[PDB]
Structures are given as C-alpha cells and as structure tokens.
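Q: Quick note on numbering: the sequence shown equals residues 2 to 225, 230 to 296 in PDB author numbering. The structure is given below, and queries will be raised subsequently.
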Amino acid sequence: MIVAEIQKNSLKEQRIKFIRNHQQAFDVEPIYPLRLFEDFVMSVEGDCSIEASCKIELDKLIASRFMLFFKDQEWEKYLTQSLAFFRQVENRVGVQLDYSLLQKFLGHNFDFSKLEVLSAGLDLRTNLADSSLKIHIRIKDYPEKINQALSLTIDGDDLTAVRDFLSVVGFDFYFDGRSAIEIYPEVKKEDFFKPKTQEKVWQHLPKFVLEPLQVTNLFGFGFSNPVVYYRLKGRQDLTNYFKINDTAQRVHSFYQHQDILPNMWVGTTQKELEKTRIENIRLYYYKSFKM
C-alpha cells in the first residue's frame, strides 16, 4: 500500500458516490442505464460538475435525471464523448434514437468557439419508453444558430419577441425514438433592472412569479401558463419562497445536509405558483469535482 498510488482514480470515486447515493435514496430504476452514465462520467479527465434532479408530481417521484457539465473548453471532444455514451445506451439497452434534430442544428459548419456550456446525461422514468438522453447547450453571439434552432423548434415564432434572451438549446432523445429540440430564454441577475427586461419579460408576468427573483441569480421562462426556472442563490431559500409538498420536501432535505454547491434550480409553471401549494416541481442540485 502506497498513498500516492491510491490517488489514481480518487476523483472517480466521489463521482460514483454522488450518482449512487441518489439512485439509492430515491429508488431509481432500471439501474443498468445508470451504469452507462457512470461509465461516461468515468471517462471525463478534467473538471466537471454533476447535476442531480428529481421530478415530483403529487406524492410521486416520477423522474430522476443526471447531467454532466464539462468545465474546460474542448467542446468537440466533449460532444464526441457524449455521442459515444449515446451509442452505448443504444447498443446495450437495445433502443434506436433519432439524431435528425441534432444533426440539422449542427450541420457541417458549426462554430464551436461560440459555445459556453455543454452538458449531457439522461432522464430516467419508471416507464422505460418515456426515459431520454439529453444534451443541453449554451451559445453566445451566434444568431445564425439561434435562428436555426427557432426554425427547428415547434412554434418557434412565439420566442421572436425575446430573441435577445435566447441562449440555451436543449435536445431530447427518448428511448422509444421520439426526439425534440427546444430553446430556453433566460435573464441574468445583472439584467433584472433594465427596461428591456421589464418591457419584454417582467411586464408579462404576475407578481407571484416575480417574487422569488429576490433570491434568484438566473431566471428562465418558456412561453409555450408558462414554465419558469429559478436559479436560487442558496439552498436554504427554497422553502422560504416556495410552497412545496411533502415528497418534494424529502428530496430537498436529503440534499440540504450534503456538502454540495450552494446554487440550485427550481423548475415549475406559473399556474403551479398561482396555487396555494406546488404539486408539480423539479428540484436540481449540483456537485463540483475539480482536479
């Protein structure tokens, strides 16, 4: 035994621990696709974060999701590593995914320098056909591709009003071969009090939607009763600003203790926040793994 020789694969161990603590804590099945995601996370050499989330509807945990956030900027490599993970899900789970929307968005002339964030992973639902692989992308100052995403999405025209707010393109690849592309408009904290935000975003939203912004550094919304996303600064303020039910509380309490990143995401709809208690919510937590 030599302590310096045990250090090779040390970072690999906490990443597995984080994945399996969540699959054990919330009964995530089937386990096999989670193993391939675990192999995918093992092959990442540099810095990363893993995002772990649960979708809660009424008294039910209906979905668990894991995304790996790449931290350096070797974007082409990461997409290749992501696609290799997708092939392994196809081959060994035994499904065929639809890559057309991703191929149409990329084309054969994508400018990878315009990328800011790349993450890839999988959403597990108890009905295997409703489970999916995902890629979430953030580009900056690439209106050609923003416009292309708009064309490929369904009802892209609604988002033209907020075009300067578009930055996140997401891709869904469902195990039964369905697929989807989506753009998500966002507002940074530092833009909360700029008349453009007020005219194009804040004006169209009720008071009860706007109130958690007090404690939010990044806001996402999606007019498609909209969907809203709050990146809360600290994990303590979820129950201060959201009326969550009992099984969502347990999810939050599990991660409340843990030594994870402070920021978290809440995702809901405006109508859910109009209610007196939230019944449909997704909670997102993050752990960092730096070299």
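Don't be surprised by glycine CBs; every beta carbon is placed ideally from N, CA and C.
Among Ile138, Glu279, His109, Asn110, which has the Cα closest to the Cα of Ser120?
A: Of the candidates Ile138, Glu279, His109, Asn110, the one whose C-alpha sits nearest the C-alpha of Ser120 is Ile138.
Q: May I ask you to report which of helix, strand or coil DSSP gives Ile265?
A: Here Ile265 sits in coil by DSSP.
Q: Name the one or two DSSP bridge partners that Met43 has.
A: According to DSSP, which records beta bridges pairwise, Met43 is partnered with nothing at all.
Q: Let me know if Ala130 comes out buried or exposed under the rule of 16 or more other beta-carbons within 10 Å of its beta-carbon.
A: Exposed is the call here.
Q: Would you check if there are 3 or more beta carbon pairs closer than 8 Å linking the segment 243 to 250 to the segment 177 to 188?
A: No: the two stretches stay apart, fewer than three of their Cβ pairs being nearer than 8 Å.
Q: Give the DSSP bridge partners of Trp270, in chain order.
A: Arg236, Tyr289, per the DSSP bridge assignment.
Q: With DSSP as the reference, identify every bridge partner of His137, one or two as the case may be.
A: Per DSSP, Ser120, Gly171.
Q: In whole angstroms, what is the alpha-carbon distance linking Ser44 and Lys72?
A: Cα-Cα distance, rounded: 14 Å.
Q: Could you compute how far the alpha carbon of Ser258 sits from the alpha carbon of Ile265?
A: About 13 Å.
Q: Can you name, in chain order, every residue of its own chain whose Cβ lies under 6 Å from the Cβ of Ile147, other than the five neighbours on each side?
A: Here the set comprises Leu167.
Q: For the alpha helix (DSSP H) holding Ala162, just list the boundary residues, first then last.
A: Run containing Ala162: none; DSSP gives neither H nor E here.
Q: Any idea which residues DSSP pairs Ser50 with across the strands?
A: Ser50 pairs with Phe70, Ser293.
Q: Please list the terminal residues of the continuous beta strand (DSSP E) segment that includes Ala181.
A: Looking at the DSSP string, the run of the beta strand (DSSP E) that includes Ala181 is 180 to 189.
Q: Please report the residue range of the alpha helix (DSSP H) in which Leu107 lies.
A: Where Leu107 is concerned, the enclosing alpha helix (DSSP H) stretches over 101 to 107.
Q: Identify whether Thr217 lies in helix, strand or coil by the three-state DSSP scheme.
A: Strand, per DSSP.
Q: Quick check on this structure: which residue in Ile63, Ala64, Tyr79 has the alpha carbon closest to the alpha carbon of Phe70?
A: The candidate whose alpha carbon is nearest that of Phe70 is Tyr79.
Q: What's the call for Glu187, buried or exposed, on a 16-neighbour Cβ count within 10 Å?
A: It is buried - the Cβ of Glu187 has at least 16 other Cβ atoms within 10 Å.
Q: Classify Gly122: buried if its beta carbon has 16 or more other beta carbons within 10 angstroms, exposed otherwise.
A: Answer is buried; the Cβ neighbour count reaches 16.
Q: With which residues is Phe222 paired in a DSSP beta bridge?
A: According to DSSP, which records beta bridges pairwise, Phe222 is partnered with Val233.
Q: Just curious, the alpha helix (DSSP H) that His205 is in, first and last residue?
A: Segment: none, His205 is in no alpha helix (DSSP H) and carries neither H nor E.
Q: Out of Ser65, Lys208, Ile283, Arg126, point me to the one whose CA is closest to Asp251's CA.
A: Ranking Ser65, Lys208, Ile283, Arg126 by Cα distance to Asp251 puts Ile283 first.
Q: At which residues does the alpha helix (DSSP H) containing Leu84 begin and terminate?
A: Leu84 -> alpha helix (DSSP H) spans 76 to 90.
Q: For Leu102 and chain B, any beta-carbon pair shorter than 9 Å?
A: Within the model displayed, chain B is absent; a lone protein chain is all it includes.
Q: Are there 16 or more other CB atoms within 10 angstroms of the CB of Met68, so buried, or fewer, so exposed?
A: So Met68 ends up on the buried side.
Q: Which residue's Cα is closest to the Cα of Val96: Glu145, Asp177, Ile140?
A: Ranking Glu145, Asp177, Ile140 by Cα distance to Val96 puts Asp177 first.
Q: Just the Cα atoms here: how many angstroms apart are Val163 and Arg21?
A: Each residue's alpha carbon lies about 39 Å from the other.
Q: According to the neighbour-count rule (16 or more other Cβ atoms, all chains shown, within 10 Å of its Cβ), is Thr161 buried or exposed?
A: It is exposed - the Cβ of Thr161 has fewer than 16 other Cβ atoms within 10 Å.
Q: Nearest to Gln25 by alpha carbon, out of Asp40, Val4, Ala53?
A: Out of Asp40, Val4, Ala53, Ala53 has the C-alpha closest to the C-alpha of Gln25.
Q: Enumerate in chain order the residues of its own chain whose CB-to-CB distance from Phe224 is below 6 Å, with the five nearest sequence positions on each side excluded.
A: The answer, listed in chain order, is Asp159.
Q: Under the criterion of a Cβ to heavy atom distance below 8 Å, does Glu117 qualify as lining the ligand PLP?
A: The ligand PLP is not among the ligands present in this structure, which contains no ligands whatsoever.
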